[PDB]
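Some notes on the structure that comes next.
There are 2 protein chains.
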Amino acid sequence: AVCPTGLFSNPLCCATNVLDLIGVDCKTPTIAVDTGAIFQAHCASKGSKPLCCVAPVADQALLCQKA
Amino acid sequence: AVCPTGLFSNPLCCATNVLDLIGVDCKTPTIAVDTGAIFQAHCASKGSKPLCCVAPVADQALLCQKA
Ligand SMILES: CCCCCCCS[C@@H]1O[C@H](CO)[C@@H](O)[C@H](O)[C@H]1O
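Right under this line is the structure:
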């Protein structure tokens, strides 16, 4: 997968990050993200970072880890 | 690598985990853990899980993410 299983299992595209534990301005991908390269490329095309977060939906500030 | 870069970049072998945010009874690897398979096997040989943690030191309870 592109994220580990467990709490931090949801791939999101986030505008930025804080201390590799929080994602800021996070949105769900608009494609299936089958590989890490594709996840990174998809988010990058929107200016965002590919993070693995605790929720599968968009929000302004989330617990997220680096992919 | 076996851990992302950033704050949670330190591979440790931890006896257990809590909420994919805490590693419990963590120790540094005693061999080089240069691939995910080697990391997993090494930690498993001590009954432990391969976690990516915020410090490169043995510690009983610290911030760690799933690899
Ligand atoms: C938002 C929390 C960010 C976590 C940073 C962990 C860096 S690891 C460890 O953390 C100790 C506190 O538990 C600090 O006293 C010590 O200086 C630091 O090296």
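Residue numbers (UniProt numbering), protein chains in the order written: chain A, 16 to 82; chain B, 16 to 82.
Just so it is clear, CB atoms sit at the ideal spot from N, CA and C, and this is done for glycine as well.
Mind checking whether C79(A) and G38(A) have CB atoms under 9 Å apart? In the first sequence, counting from the first residue as 1, residue 79(A) sits at position 64. In the first sequence, counting from the first residue as 1, residue 38(A) sits at position 23. Going by C-beta atoms, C79(A) is nearer than 9 Å to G38(A).
Per the contact definition of three or more C-beta pairs closer than 8 Å, is the segment 70 to 79 of chain A in contact with the segment 59 to 67 of chain B? no
Looking at ligand 1, does it come within less than 8 Å of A70(B), judged from the CB to the closest heavy atom? Within the second sequence, the letter at position 55 stands for residue 70(B). Checking every heavy atom of ligand 1 against the Cβ of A70(B), one is found closer than 8 Å.
Against chain A, with Cβ distances strictly below 9 Å, would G21(B) count as a contact? As a position in the second sequence, residue 21(B) is number 6, starting the count at 1. It does; some Cβ of chain A falls within 9 Å.
So is the beta-carbon of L36(A) under 8 Å away from any non-hydrogen atom of ligand 1? In the first sequence, residue 36(A) corresponds to position 21, counting from 1. Yes.
Which stretch, first to last residue, makes up the beta strand (DSSP E) that contains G38(A)? If you number the first sequence from 1, residue 38(A) lands on position 23. Start and end: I37 to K42.
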